[PDB]
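Enquirer: Got work35.txt for you, compact mmCIF, N, CA and C atoms:
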```txt
# COMPACT_ATOMS: atom_id res chain seq x y z
N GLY E 1 134.03 116.21 108.73
CA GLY E 1 134.83 115.95 107.55
C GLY E 1 133.94 115.56 106.37
N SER E 2 133.70 116.53 105.50
CA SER E 2 132.87 116.30 104.33
C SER E 2 133.43 115.13 103.52
N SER E 3 132.56 114.15 103.27
CA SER E 3 132.95 112.98 102.51
C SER E 3 131.73 112.37 101.82
N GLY E 4 131.61 112.67 100.53
CA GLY E 4 130.50 112.16 99.74
C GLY E 4 129.59 113.31 99.28
N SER E 5 128.39 112.94 98.89
CA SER E 5 127.42 113.91 98.42
C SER E 5 127.13 114.93 99.52
N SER E 6 127.48 116.18 99.25
CA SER E 6 127.26 117.25 100.21
C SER E 6 126.44 118.37 99.56
N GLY E 7 125.87 119.20 100.42
CA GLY E 7 125.05 120.31 99.95
C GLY E 7 123.69 120.32 100.64
N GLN E 8 122.66 120.59 99.84
CA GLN E 8 121.31 120.63 100.36
C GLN E 8 120.31 120.16 99.30
N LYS E 9 120.09 118.85 99.28
CA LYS E 9 119.17 118.27 98.32
C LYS E 9 117.77 118.21 98.93
N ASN E 10 117.74 118.00 100.24
CA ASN E 10 116.47 117.92 100.95
C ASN E 10 116.74 117.69 102.44
N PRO E 11 115.78 118.15 103.28
CA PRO E 11 115.91 118.00 104.72
C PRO E 11 115.63 116.55 105.14
N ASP E 12 114.51 116.03 104.66
CA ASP E 12 114.12 114.67 104.98
C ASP E 12 113.32 114.09 103.82
N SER E 13 112.30 114.83 103.42
CA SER E 13 111.45 114.40 102.32
C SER E 13 112.19 114.55 100.99
N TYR E 14 112.38 113.43 100.32
CA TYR E 14 113.07 113.43 99.04
C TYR E 14 112.36 114.34 98.04
N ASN E 15 112.80 115.59 98.02
CA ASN E 15 112.23 116.57 97.12
C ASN E 15 110.73 116.72 97.42
N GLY E 16 110.37 117.90 97.90
CA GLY E 16 108.99 118.19 98.24
C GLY E 16 108.88 119.41 99.14
N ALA E 17 107.71 119.55 99.76
CA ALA E 17 107.47 120.67 100.65
C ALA E 17 107.46 120.17 102.09
N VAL E 18 107.83 121.07 103.00
CA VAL E 18 107.86 120.73 104.41
C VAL E 18 107.15 121.82 105.21
N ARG E 19 106.42 121.39 106.23
CA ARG E 19 105.69 122.33 107.07
C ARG E 19 105.50 121.73 108.47
N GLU E 20 105.04 122.58 109.38
CA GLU E 20 104.80 122.15 110.75
C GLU E 20 103.34 121.74 110.93
N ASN E 21 102.99 120.64 110.29
CA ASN E 21 101.63 120.13 110.38
C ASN E 21 101.58 118.72 109.78
N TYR E 22 101.96 118.63 108.51
CA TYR E 22 101.97 117.35 107.82
C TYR E 22 102.78 117.44 106.52
N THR E 23 103.73 116.53 106.40
CA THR E 23 104.58 116.49 105.22
C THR E 23 103.92 115.66 104.12
N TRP E 24 104.34 115.93 102.89
CA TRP E 24 103.80 115.22 101.74
C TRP E 24 104.75 115.43 100.57
N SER E 25 104.59 114.59 99.55
CA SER E 25 105.42 114.67 98.37
C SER E 25 104.65 114.17 97.15
N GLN E 26 105.09 114.62 95.98
CA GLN E 26 104.45 114.22 94.74
C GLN E 26 105.38 113.30 93.93
N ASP E 27 104.80 112.21 93.45
CA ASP E 27 105.56 111.25 92.67
C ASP E 27 104.86 111.01 91.34
N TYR E 28 105.44 110.13 90.54
CA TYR E 28 104.88 109.81 89.24
C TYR E 28 103.35 109.75 89.30
N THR E 29 102.86 108.66 89.87
CA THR E 29 101.43 108.47 90.00
C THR E 29 101.08 107.96 91.40
N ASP E 30 101.27 108.84 92.37
CA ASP E 30 100.98 108.49 93.76
C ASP E 30 101.60 109.54 94.68
N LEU E 31 100.92 109.78 95.79
CA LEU E 31 101.39 110.75 96.76
C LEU E 31 101.63 110.06 98.11
N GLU E 32 102.49 110.66 98.91
CA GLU E 32 102.81 110.11 100.21
C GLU E 32 102.87 111.23 101.26
N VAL E 33 101.96 111.15 102.22
CA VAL E 33 101.90 112.15 103.27
C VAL E 33 102.12 111.46 104.62
N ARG E 34 103.07 112.01 105.38
CA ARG E 34 103.39 111.46 106.68
C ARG E 34 103.07 112.48 107.78
N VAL E 35 102.28 112.04 108.74
CA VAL E 35 101.89 112.90 109.85
C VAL E 35 102.54 112.39 111.14
N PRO E 36 103.19 113.34 111.86
CA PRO E 36 103.86 113.00 113.11
C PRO E 36 102.85 112.79 114.23
N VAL E 37 103.13 111.79 115.06
CA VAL E 37 102.25 111.48 116.17
C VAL E 37 103.07 111.47 117.47
N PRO E 38 102.34 111.64 118.61
CA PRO E 38 102.98 111.66 119.91
C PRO E 38 103.38 110.25 120.34
N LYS E 39 104.03 110.18 121.49
CA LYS E 39 104.48 108.90 122.03
C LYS E 39 103.34 108.26 122.82
N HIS E 40 102.15 108.82 122.66
CA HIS E 40 100.98 108.32 123.35
C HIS E 40 99.99 107.75 122.33
N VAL E 41 100.35 107.88 121.06
CA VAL E 41 99.51 107.39 119.98
C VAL E 41 100.09 106.09 119.43
N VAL E 42 99.38 105.00 119.69
CA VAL E 42 99.81 103.70 119.23
C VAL E 42 98.66 103.00 118.51
N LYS E 43 97.47 103.14 119.08
CA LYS E 43 96.28 102.54 118.51
C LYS E 43 95.75 103.44 117.38
N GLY E 44 95.15 102.79 116.39
CA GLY E 44 94.60 103.52 115.26
C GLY E 44 93.27 104.18 115.63
N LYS E 45 92.72 103.75 116.75
CA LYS E 45 91.46 104.29 117.22
C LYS E 45 91.70 105.66 117.85
N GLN E 46 92.97 105.95 118.09
CA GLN E 46 93.34 107.22 118.69
C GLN E 46 93.43 108.31 117.61
N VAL E 47 93.44 107.86 116.36
CA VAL E 47 93.52 108.77 115.24
C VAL E 47 92.33 108.53 114.31
N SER E 48 91.93 109.59 113.63
CA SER E 48 90.81 109.50 112.70
C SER E 48 91.30 109.72 111.27
N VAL E 49 90.88 108.81 110.39
CA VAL E 49 91.27 108.89 108.99
C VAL E 49 90.03 108.73 108.11
N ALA E 50 89.62 109.83 107.51
CA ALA E 50 88.45 109.82 106.65
C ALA E 50 88.90 109.89 105.19
N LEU E 51 88.46 108.91 104.42
CA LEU E 51 88.81 108.85 103.01
C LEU E 51 87.53 108.81 102.17
N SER E 52 87.44 109.74 101.24
CA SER E 52 86.28 109.82 100.36
C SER E 52 86.73 109.84 98.90
N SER E 53 87.43 110.90 98.54
CA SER E 53 87.92 111.05 97.18
C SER E 53 88.65 112.38 97.04
N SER E 54 87.96 113.45 97.40
CA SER E 54 88.53 114.78 97.31
C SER E 54 88.56 115.43 98.70
N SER E 55 88.75 114.59 99.71
CA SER E 55 88.80 115.07 101.08
C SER E 55 89.61 114.10 101.94
N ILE E 56 90.30 114.66 102.92
CA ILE E 56 91.11 113.86 103.82
C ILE E 56 90.97 114.40 105.25
N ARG E 57 91.14 113.50 106.20
CA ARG E 57 91.03 113.87 107.61
C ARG E 57 92.10 113.15 108.43
N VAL E 58 92.80 113.92 109.24
CA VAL E 58 93.85 113.37 110.08
C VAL E 58 93.79 114.03 111.46
N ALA E 59 93.30 113.26 112.43
CA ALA E 59 93.18 113.75 113.79
C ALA E 59 93.77 112.71 114.75
N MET E 60 94.11 113.18 115.94
CA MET E 60 94.68 112.31 116.96
C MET E 60 94.13 112.66 118.35
N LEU E 61 93.92 111.62 119.14
CA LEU E 61 93.40 111.80 120.49
C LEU E 61 94.53 112.28 121.40
N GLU E 62 94.24 113.33 122.15
CA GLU E 62 95.21 113.89 123.07
C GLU E 62 95.04 113.29 124.46
N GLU E 63 93.91 113.63 125.08
CA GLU E 63 93.61 113.13 126.41
C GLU E 63 92.14 113.38 126.75
N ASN E 64 91.79 114.66 126.84
CA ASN E 64 90.43 115.04 127.16
C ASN E 64 89.66 115.30 125.86
N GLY E 65 90.40 115.27 124.76
CA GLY E 65 89.81 115.50 123.45
C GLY E 65 90.71 114.98 122.34
N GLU E 66 90.87 115.80 121.31
CA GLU E 66 91.71 115.43 120.18
C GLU E 66 92.13 116.68 119.40
N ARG E 67 92.92 116.45 118.36
CA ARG E 67 93.41 117.54 117.53
C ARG E 67 93.50 117.09 116.07
N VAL E 68 93.17 118.02 115.18
CA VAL E 68 93.22 117.74 113.76
C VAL E 68 94.60 118.11 113.21
N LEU E 69 95.45 117.10 113.11
CA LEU E 69 96.80 117.30 112.61
C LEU E 69 96.73 117.83 111.17
N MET E 70 96.05 117.06 110.33
CA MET E 70 95.90 117.44 108.93
C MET E 70 94.48 117.14 108.43
N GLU E 71 93.90 118.14 107.79
CA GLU E 71 92.55 118.00 107.26
C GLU E 71 92.27 119.09 106.22
N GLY E 72 91.36 118.78 105.31
CA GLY E 72 90.99 119.72 104.27
C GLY E 72 90.62 118.99 102.97
N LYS E 73 89.86 119.68 102.14
CA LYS E 73 89.43 119.11 100.87
C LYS E 73 90.65 118.95 99.95
N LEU E 74 90.77 117.75 99.40
CA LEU E 74 91.88 117.45 98.50
C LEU E 74 91.73 118.28 97.23
N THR E 75 92.82 118.35 96.47
CA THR E 75 92.83 119.10 95.23
C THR E 75 91.91 118.44 94.20
N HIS E 76 92.06 117.12 94.09
CA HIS E 76 91.26 116.36 93.14
C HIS E 76 90.73 115.09 93.83
N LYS E 77 90.19 114.21 93.01
CA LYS E 77 89.65 112.96 93.52
C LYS E 77 90.74 111.89 93.50
N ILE E 78 90.48 110.80 94.21
CA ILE E 78 91.42 109.70 94.29
C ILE E 78 90.66 108.38 94.29
N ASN E 79 91.41 107.30 94.50
CA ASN E 79 90.82 105.98 94.53
C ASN E 79 90.93 105.40 95.94
N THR E 80 90.08 105.90 96.82
CA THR E 80 90.07 105.45 98.20
C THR E 80 90.32 103.94 98.27
N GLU E 81 89.70 103.23 97.34
CA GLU E 81 89.84 101.78 97.28
C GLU E 81 91.32 101.40 97.18
N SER E 82 91.98 101.97 96.19
CA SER E 82 93.40 101.70 95.98
C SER E 82 94.23 102.38 97.07
N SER E 83 93.69 103.47 97.59
CA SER E 83 94.36 104.22 98.64
C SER E 83 94.34 103.43 99.95
N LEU E 84 95.30 103.74 100.80
CA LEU E 84 95.40 103.06 102.09
C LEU E 84 95.97 104.03 103.12
N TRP E 85 96.10 103.54 104.34
CA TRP E 85 96.63 104.35 105.43
C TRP E 85 97.02 103.41 106.57
N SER E 86 98.22 103.63 107.09
CA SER E 86 98.72 102.81 108.19
C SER E 86 99.19 103.71 109.33
N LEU E 87 98.79 103.33 110.54
CA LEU E 87 99.17 104.09 111.72
C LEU E 87 100.37 103.42 112.39
N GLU E 88 101.30 104.25 112.84
CA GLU E 88 102.49 103.75 113.50
C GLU E 88 102.56 104.27 114.94
N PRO E 89 102.84 103.33 115.88
CA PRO E 89 102.94 103.68 117.28
C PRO E 89 104.25 104.42 117.58
N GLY E 90 104.11 105.60 118.16
CA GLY E 90 105.27 106.41 118.49
C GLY E 90 106.13 106.68 117.25
N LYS E 91 105.46 107.06 116.18
CA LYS E 91 106.14 107.36 114.93
C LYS E 91 105.37 108.44 114.17
N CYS E 92 104.60 108.00 113.20
CA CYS E 92 103.81 108.92 112.39
C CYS E 92 102.75 108.11 111.65
N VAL E 93 101.86 108.84 110.98
CA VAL E 93 100.79 108.21 110.22
C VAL E 93 101.17 108.18 108.74
N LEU E 94 100.83 107.07 108.10
CA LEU E 94 101.12 106.90 106.69
C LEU E 94 99.81 106.82 105.90
N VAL E 95 99.74 107.63 104.85
CA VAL E 95 98.55 107.66 104.02
C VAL E 95 98.97 107.63 102.54
N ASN E 96 98.50 106.61 101.85
CA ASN E 96 98.81 106.46 100.44
C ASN E 96 97.60 106.86 99.60
N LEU E 97 97.83 107.80 98.69
CA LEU E 97 96.77 108.28 97.82
C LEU E 97 97.00 107.76 96.40
N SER E 98 95.96 107.14 95.86
CA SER E 98 96.03 106.59 94.52
C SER E 98 95.32 107.52 93.54
N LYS E 99 96.11 108.09 92.64
CA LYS E 99 95.57 109.00 91.64
C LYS E 99 94.59 108.24 90.74
N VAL E 100 93.56 108.95 90.30
CA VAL E 100 92.55 108.35 89.44
C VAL E 100 92.86 108.70 87.98
N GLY E 101 94.15 108.63 87.66
CA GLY E 101 94.59 108.94 86.31
C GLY E 101 95.88 109.75 86.32
N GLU E 102 96.14 110.42 85.21
CA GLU E 102 97.34 111.23 85.08
C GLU E 102 97.02 112.70 85.40
N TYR E 103 97.25 113.06 86.66
CA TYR E 103 97.00 114.42 87.10
C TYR E 103 98.22 115.00 87.81
N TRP E 104 98.29 116.33 87.80
CA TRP E 104 99.40 117.02 88.43
C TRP E 104 98.91 117.58 89.77
N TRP E 105 99.29 116.90 90.84
CA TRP E 105 98.89 117.32 92.17
C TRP E 105 99.87 118.40 92.64
N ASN E 106 99.49 119.65 92.39
CA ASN E 106 100.33 120.77 92.77
C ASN E 106 100.27 120.95 94.29
N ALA E 107 99.31 120.26 94.90
CA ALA E 107 99.13 120.33 96.34
C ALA E 107 98.24 119.17 96.80
N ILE E 108 98.08 119.08 98.11
CA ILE E 108 97.27 118.03 98.68
C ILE E 108 95.83 118.54 98.86
N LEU E 109 95.72 119.65 99.57
CA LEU E 109 94.41 120.24 99.82
C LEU E 109 94.20 121.40 98.84
N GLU E 110 92.93 121.76 98.67
CA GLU E 110 92.57 122.84 97.77
C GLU E 110 92.80 124.19 98.45
N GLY E 111 94.04 124.42 98.86
CA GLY E 111 94.39 125.66 99.52
C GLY E 111 95.79 125.57 100.13
N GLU E 112 96.69 124.95 99.39
CA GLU E 112 98.06 124.79 99.84
C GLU E 112 99.04 125.26 98.75
N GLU E 113 100.06 125.98 99.19
CA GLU E 113 101.06 126.50 98.27
C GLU E 113 101.42 125.44 97.23
N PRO E 114 101.56 125.90 95.96
CA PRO E 114 101.90 125.00 94.87
C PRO E 114 103.38 124.61 94.93
N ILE E 115 103.61 123.31 94.89
CA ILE E 115 104.97 122.79 94.94
C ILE E 115 105.84 123.56 93.95
N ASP E 116 107.15 123.41 94.11
CA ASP E 116 108.10 124.09 93.25
C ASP E 116 108.20 123.33 91.92
N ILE E 117 108.44 122.04 92.04
CA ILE E 117 108.57 121.19 90.86
C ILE E 117 107.49 121.58 89.84
N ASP E 118 107.92 121.70 88.60
CA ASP E 118 107.01 122.07 87.52
C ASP E 118 107.51 121.46 86.21
N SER E 119 106.65 121.51 85.21
CA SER E 119 106.98 120.97 83.90
C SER E 119 106.76 122.04 82.82
N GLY E 120 107.13 121.68 81.60
CA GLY E 120 106.98 122.59 80.48
C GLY E 120 105.50 122.95 80.26
N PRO E 121 105.06 122.81 78.99
CA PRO E 121 103.68 123.11 78.64
C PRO E 121 102.74 122.01 79.12
N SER E 122 101.61 122.45 79.67
CA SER E 122 100.62 121.51 80.18
C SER E 122 99.22 121.94 79.74
N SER E 123 98.89 123.18 80.07
CA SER E 123 97.59 123.73 79.71
C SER E 123 97.24 123.36 78.27
N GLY E 124 98.11 123.79 77.36
CA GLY E 124 97.91 123.51 75.95
C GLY E 124 98.13 122.03 75.64
```
Reformat the file's structure so that it appears as structure tokens.

Expert:
Amino acid sequence: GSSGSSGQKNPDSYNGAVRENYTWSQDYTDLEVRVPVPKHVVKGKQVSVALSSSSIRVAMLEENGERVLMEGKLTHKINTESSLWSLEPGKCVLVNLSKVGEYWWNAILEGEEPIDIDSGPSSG
């Protein structure tokens, strides 16, 4: 019984892109990427998080090895200092990216489809 806001505004991520690897979204001045983890990942030592500026790394320990959930050179630089990352047991990984100014992050890595959201004139 339809009651209230109905339709299709978003699956889960409040406006953004979705894929089978790692979700992310673009906001005013900050990005939020959530990576799904198994029910065997609780410790942060089971996952690898490399923060530099224009690069990110997201891996998780399986059993006899590990797997790179999300990784690749970022589109631009960030403020690792201001940036953070929190691991959740039997949930997902949280990574906060702090923009180093007013930039339009059309993507996370330098090789990811450009988000839909767009603005008027920018180049000029």

Enquirer: Show which residues sit within 9 Å of region 52-62 of chain E, as number ranges by chain. Count only C-alpha atoms, and ignore same-chain residues fewer than 6 positions away.

Expert: E: 35, 37-38, 40-41, 44-46, 68-80, 93, 109

Enquirer: Which of these residues is nearest to residue 32 (chain E), using only C-alpha atoms: E:4, E:97, E:90, E:19?

Expert: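 Between E:4, E:97, E:90, E:19, the residue approaching residue 32 (chain E) most closely is E:97.
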
Enquirer: Env of residue 106 (chain E): 6 Å cut, atoms = all atoms listed in the file, seq-sep filter 3 positions within chain, self excluded. Answer as a count of residues only.

Expert: 3

Enquirer: Choose the residue, out of E:98, E:8, E:83, E:13, that has the smallest atom-to-atom separation from residue 28 (chain E); count only C-alpha atoms.

Expert: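 Checking each of E:98, E:8, E:83, E:13 against residue 28 (chain E), counting only C-alpha atoms, the winner is E:98.
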
Enquirer: Quick check, in Å to one decimal: how far apart do CA of residue 21 (chain E) and atom C of residue 85 (chain E) lie?

Expert: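 A separation of 17.8 Å between them.
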
Enquirer: Between CA of residue 103 (chain E) and CA of residue 121 (chain E), what is the spacing in Å?

Expert: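 Answer for the CA of residue 121 (chain E) to CA of residue 103 (chain E) separation: 13.8 Å.
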
Enquirer: I need the strand (DSSP E) residues of chain E per DSSP on the backbone, written as a ChimeraX atom specification.

Expert: /E:23-27,30-36,47-51,55-61,66-73,84-87,92-97

Enquirer: Which is closest to residue 107 (chain E) among E:49, E:94, E:17, E:42, if we use only C-alpha atoms?

Expert: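 Counting only C-alpha atoms, the residue closest to residue 107 (chain E) is E:17.
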
Enquirer: Could you state the separation of CA of residue 5 (chain E) and CA of residue 116 (chain E) in Å, given to one decimal place?

Expert: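 Spanning CA of residue 5 (chain E) to CA of residue 116 (chain E) is a straight-line distance of 22.4 Å.
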
Enquirer: Will you model N, CA, C and O atoms for region 49-63 of chain E and pass it back as a PDB file, in the coordinates of the input?

Expert:
```
ATOM      1  N   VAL E  49      90.880 108.810 110.390  1.00  0.00           N
ATOM      2  CA  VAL E  49      91.270 108.890 108.990  1.00  0.00           C
ATOM      3  C   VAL E  49      90.030 108.730 108.110  1.00  0.00           C
ATOM      4  O   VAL E  49      89.490 107.628 107.999  1.00  0.00           O
ATOM      5  N   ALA E  50      89.620 109.830 107.510  1.00  0.00           N
ATOM      6  CA  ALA E  50      88.450 109.820 106.650  1.00  0.00           C
ATOM      7  C   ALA E  50      88.900 109.890 105.190  1.00  0.00           C
ATOM      8  O   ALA E  50      89.626 110.810 104.803  1.00  0.00           O
ATOM      9  N   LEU E  51      88.460 108.910 104.420  1.00  0.00           N
ATOM     10  CA  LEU E  51      88.810 108.850 103.010  1.00  0.00           C
ATOM     11  C   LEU E  51      87.530 108.810 102.170  1.00  0.00           C
ATOM     12  O   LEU E  51      86.675 107.948 102.384  1.00  0.00           O
ATOM     13  N   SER E  52      87.440 109.740 101.240  1.00  0.00           N
ATOM     14  CA  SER E  52      86.280 109.820 100.360  1.00  0.00           C
ATOM     15  C   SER E  52      86.730 109.840  98.900  1.00  0.00           C
ATOM     16  O   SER E  52      86.431 108.910  98.146  1.00  0.00           O
ATOM     17  N   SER E  53      87.430 110.900  98.540  1.00  0.00           N
ATOM     18  CA  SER E  53      87.920 111.050  97.180  1.00  0.00           C
ATOM     19  C   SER E  53      88.650 112.380  97.040  1.00  0.00           C
ATOM     20  O   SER E  53      89.810 112.416  96.613  1.00  0.00           O
ATOM     21  N   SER E  54      87.960 113.450  97.400  1.00  0.00           N
ATOM     22  CA  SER E  54      88.530 114.780  97.310  1.00  0.00           C
ATOM     23  C   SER E  54      88.560 115.430  98.700  1.00  0.00           C
ATOM     24  O   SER E  54      88.417 116.646  98.824  1.00  0.00           O
ATOM     25  N   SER E  55      88.750 114.590  99.710  1.00  0.00           N
ATOM     26  CA  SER E  55      88.800 115.070 101.080  1.00  0.00           C
ATOM     27  C   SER E  55      89.610 114.100 101.940  1.00  0.00           C
ATOM     28  O   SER E  55      89.604 112.890 101.697  1.00  0.00           O
ATOM     29  N   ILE E  56      90.300 114.660 102.920  1.00  0.00           N
ATOM     30  CA  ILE E  56      91.110 113.860 103.820  1.00  0.00           C
ATOM     31  C   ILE E  56      90.970 114.400 105.250  1.00  0.00           C
ATOM     32  O   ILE E  56      90.731 115.588 105.443  1.00  0.00           O
ATOM     33  N   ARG E  57      91.140 113.500 106.200  1.00  0.00           N
ATOM     34  CA  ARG E  57      91.030 113.870 107.610  1.00  0.00           C
ATOM     35  C   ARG E  57      92.100 113.150 108.430  1.00  0.00           C
ATOM     36  O   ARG E  57      92.272 111.934 108.305  1.00  0.00           O
ATOM     37  N   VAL E  58      92.800 113.920 109.240  1.00  0.00           N
ATOM     38  CA  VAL E  58      93.850 113.370 110.080  1.00  0.00           C
ATOM     39  C   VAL E  58      93.790 114.030 111.460  1.00  0.00           C
ATOM     40  O   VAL E  58      94.170 115.186 111.624  1.00  0.00           O
ATOM     41  N   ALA E  59      93.300 113.260 112.430  1.00  0.00           N
ATOM     42  CA  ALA E  59      93.180 113.750 113.790  1.00  0.00           C
ATOM     43  C   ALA E  59      93.770 112.710 114.750  1.00  0.00           C
ATOM     44  O   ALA E  59      93.900 111.541 114.404  1.00  0.00           O
ATOM     45  N   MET E  60      94.110 113.180 115.940  1.00  0.00           N
ATOM     46  CA  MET E  60      94.680 112.310 116.960  1.00  0.00           C
ATOM     47  C   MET E  60      94.130 112.660 118.350  1.00  0.00           C
ATOM     48  O   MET E  60      93.909 113.828 118.657  1.00  0.00           O
ATOM     49  N   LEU E  61      93.920 111.620 119.140  1.00  0.00           N
ATOM     50  CA  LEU E  61      93.400 111.800 120.490  1.00  0.00           C
ATOM     51  C   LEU E  61      94.530 112.280 121.400  1.00  0.00           C
ATOM     52  O   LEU E  61      95.618 111.696 121.414  1.00  0.00           O
ATOM     53  N   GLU E  62      94.240 113.330 122.150  1.00  0.00           N
ATOM     54  CA  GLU E  62      95.210 113.890 123.070  1.00  0.00           C
ATOM     55  C   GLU E  62      95.040 113.290 124.460  1.00  0.00           C
ATOM     56  O   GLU E  62      95.902 112.560 124.942  1.00  0.00           O
ATOM     57  N   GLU E  63      93.910 113.630 125.080  1.00  0.00           N
ATOM     58  CA  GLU E  63      93.610 113.130 126.410  1.00  0.00           C
ATOM     59  C   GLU E  63      92.140 113.380 126.750  1.00  0.00           C
ATOM     60  O   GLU E  63      91.373 112.436 126.921  1.00  0.00           O
TER      61      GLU E  63
END
```
